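Every residue, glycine as well, gets a Cβ built from its backbone with ideal geometry; the counts of neighbours run over all protein chains shown. Here, each number is a calculation from the coordinates, and none is a lab measurement.
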Number of protein chains: 2
Amino acid sequence: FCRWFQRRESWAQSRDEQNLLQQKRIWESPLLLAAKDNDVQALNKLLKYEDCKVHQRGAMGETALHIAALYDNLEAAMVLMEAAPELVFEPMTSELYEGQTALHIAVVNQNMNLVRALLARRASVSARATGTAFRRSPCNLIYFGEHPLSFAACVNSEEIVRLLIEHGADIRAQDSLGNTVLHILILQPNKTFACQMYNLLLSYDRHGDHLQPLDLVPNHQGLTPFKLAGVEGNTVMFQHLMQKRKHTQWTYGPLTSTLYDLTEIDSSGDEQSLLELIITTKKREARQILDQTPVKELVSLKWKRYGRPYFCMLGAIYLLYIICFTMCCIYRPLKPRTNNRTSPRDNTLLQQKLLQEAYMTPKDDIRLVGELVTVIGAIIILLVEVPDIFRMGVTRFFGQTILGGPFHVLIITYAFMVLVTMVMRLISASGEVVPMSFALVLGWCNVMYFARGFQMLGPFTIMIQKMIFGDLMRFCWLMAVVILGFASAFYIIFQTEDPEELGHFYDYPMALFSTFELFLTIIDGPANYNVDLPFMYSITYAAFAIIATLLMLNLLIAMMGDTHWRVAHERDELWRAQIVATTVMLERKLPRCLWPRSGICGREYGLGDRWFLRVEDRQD
Amino acid sequence: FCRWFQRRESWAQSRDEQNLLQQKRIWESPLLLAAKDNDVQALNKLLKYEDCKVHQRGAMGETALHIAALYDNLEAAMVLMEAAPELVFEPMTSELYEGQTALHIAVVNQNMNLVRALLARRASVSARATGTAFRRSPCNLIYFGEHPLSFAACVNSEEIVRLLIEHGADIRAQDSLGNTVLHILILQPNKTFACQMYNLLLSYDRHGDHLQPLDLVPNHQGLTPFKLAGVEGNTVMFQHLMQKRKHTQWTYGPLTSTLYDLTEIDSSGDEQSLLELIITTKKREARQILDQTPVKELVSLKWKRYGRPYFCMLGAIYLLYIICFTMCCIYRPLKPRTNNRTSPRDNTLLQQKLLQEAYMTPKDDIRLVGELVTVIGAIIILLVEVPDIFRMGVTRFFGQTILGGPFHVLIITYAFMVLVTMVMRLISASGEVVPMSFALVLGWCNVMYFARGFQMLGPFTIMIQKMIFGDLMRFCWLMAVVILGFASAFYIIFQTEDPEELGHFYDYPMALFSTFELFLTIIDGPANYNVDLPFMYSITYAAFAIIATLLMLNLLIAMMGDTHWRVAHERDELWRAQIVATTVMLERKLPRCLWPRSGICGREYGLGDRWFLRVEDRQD
Ligand SMILES: Cc1cccc([C@H]2C=C[C@@H](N3CCN(Cc4ccc(=O)[nH]c4)CC3)CC2)c1
Ligand SMILES: Cc1cccc([C@H]2C=C[C@@H](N3CCN(Cc4ccc(=O)[nH]c4)CC3)CC2)c1
Ligand SMILES: Cc1cccc([C@H]2C=C[C@@H](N3CCN(Cc4ccc(=O)[nH]c4)CC3)CC2)c1
């Protein structure tokens, strides 16, 4: 141990030391045991002392009022405020617990009548309990904000909440995150009780401050509560929050006619829309928000009327881009050999050694125009996604990768080799086959990026990705463990052996190439049938055949059959997740002369400047 | 039949003969029928006789009191104790039933009032009914110990249990196994009723004997009851037994703060810990104990902070050990042939016949140091596990094998060949390829022993083991049945045939090697296309192809697909069973300068010398 860095996490161990030492500070001091209990008979003596430390601190800086607030002794705490009036005017002062007063803690007890007596002792509710135990993180179980009625918001006690409001509680105060009361209601674990908490707290603003008047306010990172429920995936309240958002028109027996506001769902301007905030997460449960009556009908209108024409024609032109690129790359200039087959005895079989800048003929001019287009088209790829990563971060760019498929890397990786294949053409380098070789195969792989606009072959592409980054990768870290052994084991066998017959391997690098082919059974297999092989070979070849082909190959095809039925229900909305992610990027990049806006605008219908959308259906 | 040994088990047949003969002893003697029933009117005559044998024995040695204790005739048994006061002072005296008094048997009747009248007749409870029908084994349905209130413990009758205690019942008496009352409560089949039996029996000790005062006592093999529930897998009571073990600190609304004792869970010293006793069994249900709130959080702390660094670096060095071993074994010294290709006409193709102790050159010195390391490192393997089997038994060593994987054998089997490859190098033997051949391949197989510290490829290794010892082994005992037939059947066909064409087999041993390759379809297949083959061959080759490749191969890949979904839920805790078994051995072998101890020690916190651990969570 000499170079440990960022691999301790001893702060969680440190607060545990803060836990037990604080209990020792309880145990040594006598009056804190009387603060741990009622102990009212001895407590009458404790305040009738000379030097009873009424303002002393714990290990994290409590008082007896703080401990009585913990162990909810309402009778004993009545004695505390008698000779110590200043005692209510002190919060917690530790790094872990900063700003927490006893008025906060009785709210955490969530069934108290001391809170009346505490506010009878002029207790301010203007505290900000912003200790490090109160920040949202995967190391605390709660996240309650900074404020007393905000703390009361998370515990569902209408008797206390209304009693907080009637003593001057500013409801529209915010936290260090910029989040107010209403933001914290969304992130609660119990989705049930917050709806009554939301509906009751609506009734107390009624205020002339028309500036974002009670809930239209974002945080420092610009997140509004109606949009926040889509972020954290509130299935329950988003239906409930849509009620004042939805406006109805008329009904017809079992039929109705409604209208949607839509004004903070579609991308109006350059602002972060709701739809953009859907796919920009790793949270799983927020993706099934797309099965709601305002949501998918916007999606299943504009892709039906605009996307499928725009996707296929964009799909069509990319198909044209590669075939002419295939046309030129199969027609490369070529001469025969010049250097007379000099050095290797029967170990060369190439005879061409390709041409140079001597190029001018009335046939290459077709190829000259042909390879001219694919260079300039490759620049176009480097003018639409290269400007993205100047502002879409690095990890923020890779955040899109796993959700929507890793195609955005490979399309630049296509054009990256296209830069090479004209430079080395220009300077007349030796290796032209190798940079074209990736360049030919990486283009046709990007055709499956357009295998998304059809239901019949769309979702099949997804579980390919779920096995390349999934079960094939875990298979590779055992397959290589098998083949690195047997190949070296095979190599010593025919080491003492002439390679003119059974030249399946004669040297160690080709041996690994051979034994890998023995693993996948894509080759023939060694047999000479004229000379008996060495005595070890017949043992080791068959044993390799059993545990790899009969066992390990057929095991690998079995484990993927386990995958499909337990990913079958989820892949349908993944296919829906393809469309919307395709929709927003296609909508945002393409200009205003194209793409008429969704919905129906106002400005002629007496309904504002906004944009409405309807639906009608049988209620049955 | 002349040499039968240990293949009878006629003792179970023998006790059945003891059953029916005892019923005949009932049937012949007249008063035992009156002991089989009430028969009180004739029973008034039976004791008013001259030579009524009041102390006689059955076939296994009953009395009429014993039979009345069986057929629970409380009215008739009142007559028995009148003229026979000594009759209560006799237990059963057979080999099968030894030490069983009638006071025991009325407790087995579990709803009696004769037990008051029996103890009114000064019946001792100091009996030890240790007959061979009372030993724990897979040949009796119960195991109740030796004592009356111990017998009453298994029947849940608080009216009788308290009546046993108030007549001088030593609760802390033990059996021949060293097990007391409380041990027998754990091994009961009904997990429900014992909790009330445990909680009630706690209240009667209260005694000044601080020596293991009521339940801290082990048996002769050193097993304490709190540890015994982990041994026999009591899911129910281990949560219940943790209540006085767990100590709480404080709560916070829906949040709490507790603390665990832990003092008989982690390996404190050289004693048999709880965690050691988990994996040292074949019992299945005891392995799901690891899903409890004191248990896995110890596991999911110290492997997260210490194991994964220690496992990977141990995983790293073994990867270095084999590549230099690969480096030397591919660079063996070699000369060309000397003996002029003398004996076989075109049946040798080797031309090297490797070198001897003529070795000194400034290139082999690198290999000399290279093979020096792998010899000494092989000794290190034989210094850590060779000392284990001096005290970890033979079958006790193989008891670890099936649970954690059969890698402990193969790692010595690795170094076993490493001893050979330097001796035969020293004495210049002929065969160097063959002992290296196992030695190269057996090392790389042990790399998958380090394919356990990752979730992505860890559990995939387990069902490999569940098919090598599982479905491939049952496939081998039919595959060999197929291929031993057809190969001999094939051999006579091309027996009357020249081997210069279609030399797939020309002799019987190579034929089995060929037909095995025909089974797995890893070779090409016989075709000459110039001479018609014999008339039998076209029939027998295709029929072999159907029932093996089309039928038997594809059947074998189908039956393993049946396995995965019905082993899918269980393999997750098997992967957890990997970690803890890795944890204890890594912890015990590595010394005190490494591995800071788990939990938080006392000695400064007013809580003893012990070691505490906490958790905090939402109760919700
Ligand atoms: C993942 C995993 C976990 C545990 C074990 C294994 C397997 C690893 C190597 C296997 N052996 C089998 C074949 N053997 C050659 C042989 C030896 C004698 C013979 O008569 N025929 C063939 C060489 C290596 C054993 C088991 C894999
Ligand atoms: C496990 C098990 C249980 C019960 C039965 C079997 C099979 C065993 C041998 C099988 N036969 C089928 C093929 N037959 C050659 C043939 C004969 C006539 C023909 O027209 N074509 C091909 C040779 C042996 C029959 C069934 C296996
Ligand atoms: C190519 C291939 C190789 C191996 C296996 C398979 C298929 C055969 C078993 C199937 N599994 C999953 C479905 N399951 C049905 C079921 C039964 C009860 C229930 O409550 N729900 C669902 C039955 C077992 C799926 C996979 C295919």
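Work out the mean other chain Cβ neighbour count within 10 Å for the residues of B:614-620 and drop it here as an integer. Walk me through the intermediate numbers first.
Working: counts 3, 0, 4, 1, 3, 0, 3.
Rounded to a whole number, the mean comes out at 2.
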Ordering B:85-94, B:387-396, B:196-205, B:590-599 by per-residue average of other C-beta atoms within 10 angstrom, highest first, gives B:85-94, B:196-205, B:590-599, B:387-396
Taking a straight Cα-to-Cα line shorter than 21 Å from A:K283, and setting aside same-chain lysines fewer than 8 residues away, one finds A:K191, A:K227, A:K296, A:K466
For chain B, the percent of all C-alpha pairs falling in each 10 Å bin, from 0 up to the bin holding the max distance, is 2, 11, 15, 16, 16, 14, 11, 8, 5, 2, 1, 0
Short to long, in 10 Å steps from zero, the percent of alpha-carbon pairs of region A:100-195 per bin is 16, 53, 28, 3
Across 5 Å bins beginning at 0, the whole-percent shares of Cα-Cα pair distances in region A:1-127 come to 2, 10, 20, 22, 18, 12, 6, 4, 3, 2, 2, 1
The whole-number value in µm²/s of the Stokes-Einstein translational diffusion coefficient for region B:344-396, with Rh from the Kirkwood sum over alpha carbon pairs at 4 °C and 1.567 mPa s, is 83 µm²/s
Computed over chain B, the relative contact order (Cα-Cα under 8 Å, seq sep at least six) in percent reads 10 percent
On each of the three principal axes the extent of the alpha-carbon atoms of region B:345-490, given in whole Å and largest first, is 52, 51, 34
Out of A:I579, A:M463, A:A542 - ranked by how far each Cα lies towards the positive end of the dipole of chain A, with unit charges on the beta-carbon of charged residues - the top one is A:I579
Inter-copy distances for B:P85, label 7 Å out on the Cα-Cβ vector, sorted ascending, nm, one decimal, are 8.8
For B:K24, the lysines lying under 22 Å Cα to Cα, once residues fewer than eight places off in the same chain are dropped, come out as B:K36, B:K53
Both in Å, the radius of gyration and Dmax of the C-alpha trace of region A:474-620 are 30.8, 97
Mean Cβ-within-10 Å packing, highest first, puts peptides A:572-585, B:485-498 in the order A:572-585, B:485-498
Hydrodynamic calc, region A:250-331: Kirkwood Rh from Cα pairs, then Stokes-Einstein at 25 °C with viscosity 0.890 mPa s, so D in µm² s⁻¹ is 147 µm²/s
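In terms of the ratio Rg/(2.2 N^0.38 Å) built on C-alpha atoms, what value belongs to region A:315-414?
Against the compact-globule rule of thumb, the ratio is 1.61.
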Once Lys and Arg are counted +1 and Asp and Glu -1 for all other residues with Cβ under 11 Å from that of B:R128, the total becomes -3
The size of the Cβ-based charge dipole (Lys, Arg +1; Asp, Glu -1) of chain A about the Cα centre, to the nearest 20 debye, is 1320 debye
Out of B:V369, B:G145, B:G393 - ranked by how far each Cα lies towards the positive end of the dipole of chain B, with unit charges on the beta-carbon of charged residues - the top one is B:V369
To the nearest 20 debye, the protein assembly as shown has a Cα-centred charge dipole, built from +1 on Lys and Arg Cβ and -1 on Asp and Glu Cβ, of 1900 debye
Summing +1 per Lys or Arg and -1 per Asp or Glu among the other residues with Cβ less than 12 Å from B:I142's Cβ gives +2
Partner shielding of A:553-560, as the mean number of partner chain Cβ atoms within 10 Å, equals 5
If every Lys and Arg gets +1 and every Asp and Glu gets -1 at its Cβ, then about the Cα centre region A:78-177 yields a dipole, in debye to the nearest 20, of 160 debye
Taking every residue of B:520-532, the Cβ atoms of other protein chains inside 10 Å of its Cβ average out to 2
Output row for A:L47: copy-to-copy label distances, label 7 Å along Cα→C-beta, ascending, in nanometres, one decimal, is 7.8
The local net charge around A:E285, scoring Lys/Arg +1 and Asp/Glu -1 for residues other than A:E285 whose Cβ lies under 13 Å from its Cβ, equals +1
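So what is the 222 nm mean residue ellipticity for chain B from helices alone, if each DSSP H run of at least 4 adds -39500 (n - 2.57) and you divide by all residues, rounding to the nearest 500 deg cm²/dmol? The partial results should precede the final answer.
On the way: 26 runs with 290 residues, N = 620.
Helix contribution divided over all residues of chain B: -14000 deg cm²/dmol.
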For A:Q239, inter-copy label-point distances (7 Å, Cα→Cβ), nm, shortest first, read 3.2
Projected onto their principal axes, the Cα atoms of the protein assembly as shown stretch, largest extent first, over whole-Å spans of 132, 109, 76
Here the equivalent ellipsoid of region A:225-296, derived from its Cα gyration tensor, has semi-axes (largest first, whole Å) of 24, 15, 10
Projecting the Cα atoms of B:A316, A:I171, A:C2 onto the charge dipole of the protein assembly as shown, where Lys and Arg contribute +1 and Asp and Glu -1 at Cβ, the residue farthest towards the positive end is A:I171
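Quote the relative contact order of region B:410-536 in percent (integer), defining contacts as alpha-carbon pairs under 8 Å separated by 6+ residues.
Once normalised by length, the contact order is 15 percent.
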Among the Cα-Cα pairs of region B:517-577, the proportion with separation greater than 15 Å, in percent, is 68 percent
The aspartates and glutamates whose Cα lies under 14 Å from the Cα of A:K48, excluding any fewer than 8 residues away in the same chain, are A:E82
